[PDB]
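There is one chain below, alone, in structure tokens, taken in the form deposited in one PDB entry.
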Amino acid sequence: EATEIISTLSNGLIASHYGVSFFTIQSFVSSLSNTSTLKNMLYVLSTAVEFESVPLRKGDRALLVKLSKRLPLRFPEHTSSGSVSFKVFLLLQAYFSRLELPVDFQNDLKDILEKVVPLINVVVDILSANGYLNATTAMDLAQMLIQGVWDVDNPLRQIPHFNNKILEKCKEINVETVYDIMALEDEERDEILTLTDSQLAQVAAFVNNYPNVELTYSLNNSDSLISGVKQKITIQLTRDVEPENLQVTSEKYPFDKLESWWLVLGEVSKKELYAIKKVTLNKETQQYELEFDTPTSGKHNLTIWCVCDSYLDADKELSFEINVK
């Protein structure tokens, strides 16, 4: 027999509550810019003073140098590797890559994960407050921190027990998303799901609560927009079924997490963000109002993004043209 027990799949431990220090906000503001990349953001995260509670032991540096050869993002070459920053930057990548770690590093990684959610939210808030569209790259990193995968990974890799053998069976029959899994016929699905009932229970918890949302909008008085006037927009989000709750299912993240979304209005050609609201989609249908400053006269192609903070590949977007008088 030997059932693999995963007690924190859907029943997370409670992460110790804290508020990010003003010192850390200052440091992040100094280091971030409108051109910051995913690599830059992961490095900045790693420099938080809050990680001073993460141990560094005799011999760790040499183990981390060995580990660095196996990871895709390079630590800044002009920067001391004798810091806890080096450890955090490398262990978070080992988490995304799902590499095997010795026990002491597994322990350290748990301690690191306890702190990451408030920190990545500060990154999103710094970038968005300044109107930088790269806030969306920070949101991608937020999703990676919850599911323990890379932004570029096969989205099916989030599903418990979906190993490389199962992924290739999915490729064989053009199954690409979690939604594709559920739209299949019984014989096709049964063939892919060559797992024990215990393993299937864990697949089920994930599929049950994976979000499927529909995005729509209405612009108050679209045919009469005036430059510099505060303008309201209504954004509506609908689910096919009202969710039982918003507890996140994550195999790799061991703490309790509640599902949240960012609603974003922006302009891609200008790399500009115009409005942002953090919301919880607890009902079968819901609508929200965002306020923004009407852009300059002329044509503008805008986009609304709905981006989840807890899963990959469930995001939605809509683009529309406005003509400011």
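The first residue of the shown sequence is 1; numbering continues from there. Shifts are known only where both forms have a C-alpha. Here, rigid core means the biggest group of C-alpha atoms that superpose within 1.5 Å across both forms.
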Avg C-alpha B-factor, entry values, 30 to 38 vs 271 to 279, higher side is 271 to 279
Once average C-alpha B-factors are taken from the entry for 51 to 59 and 288 to 296, the winner is 288 to 296
The residue of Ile192, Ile159, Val103, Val149 with the maximal C-alpha B-factor according to the PDB record is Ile192
Per the deposited entry, the peak Cα B-factor within the set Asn134, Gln236, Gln93, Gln143 goes to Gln236
Temperature factor at the Cα of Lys171, chain-ranked in thirds, falls in the highest
Quick tally, chain-level thirds of C-alpha B-factors: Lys232 sits in the highest
So, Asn11's CA B-factor, relative to its chain, sits in which third? The highest
The third of the chain into which the C-alpha temperature factor of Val178 falls is the highest
Of the three thirds of the chain ranked by Cα temperature factor, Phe255 occupies the middle
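As for the form deposited in another entry, it is not shown, yet the points below apply to it.
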- Query: Relative to the superposed rigid core, does the CA atom of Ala15 travel 2 Å or more between the shown form and the other one?
  - Reply: yes
In the other entry the CA atoms of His17 and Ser53, compared with here and shifted by at least 3 Å, lie farther
What changes in the other entry is the Cα distance between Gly12 and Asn282, by 3 Å or more; the two atoms are farther
Listed in sequence order, the shifted stretches between the shown form and the other one (at least 3 consecutive residues, every Cα moved by 2 Å or more, rigid core superposed) come to 6 to 19
